[PDB]
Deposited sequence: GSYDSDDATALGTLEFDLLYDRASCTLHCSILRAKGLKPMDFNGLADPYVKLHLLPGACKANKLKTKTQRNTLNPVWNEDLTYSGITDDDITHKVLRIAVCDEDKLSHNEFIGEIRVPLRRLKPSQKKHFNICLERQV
């Protein structure tokens, strides 16, 4: 379909931090970069992005992006939208409810991107 995205999420409860390791993508179907949007809210604070990789459908970022101020209740209610885009157009996205995470347990994802 649209390709796959590999990333890790780790919630560190004591420091109230969500660590998002954006690793790589494979088989993108269109200069890819990834943007993270922690929902809900259009707030600047909710939005992080990787560097842009050039001339590739198999970019490797190996980039750690982090949110601070993350509480238990944020973990149960918030959603992390992860979108890969083509720098200068939408390539694909996934939507991850944070309540799938456990404190201090890194979860590894390899997920198929979607149009949704």
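Unmodelled segments of the deposited chain, in sequence order: 1-9, 40-46, 105-109, 138.
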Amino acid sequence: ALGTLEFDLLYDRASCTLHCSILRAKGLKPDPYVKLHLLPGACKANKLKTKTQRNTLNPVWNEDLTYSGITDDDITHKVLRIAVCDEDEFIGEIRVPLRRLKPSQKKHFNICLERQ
From here on, numbers count along this sequence of modelled residues.
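Split the chain's modelled residues into thirds by C-alpha temperature factor. Residue 86 is in the middle one.
Annotation for residue 59: CA B-factor lies in the middle third of the chain's modelled residues. For residue 8, the recorded CA B-factor ranks within the lowest third of the chain. Only modelled residues enter the ranking. When all modelled residues of the chain are sorted by CA temperature factor, residue 40 is found within the lowest third.
In the PDB entry, residue 24 places in the lowest third of its chain by CA B-factor.
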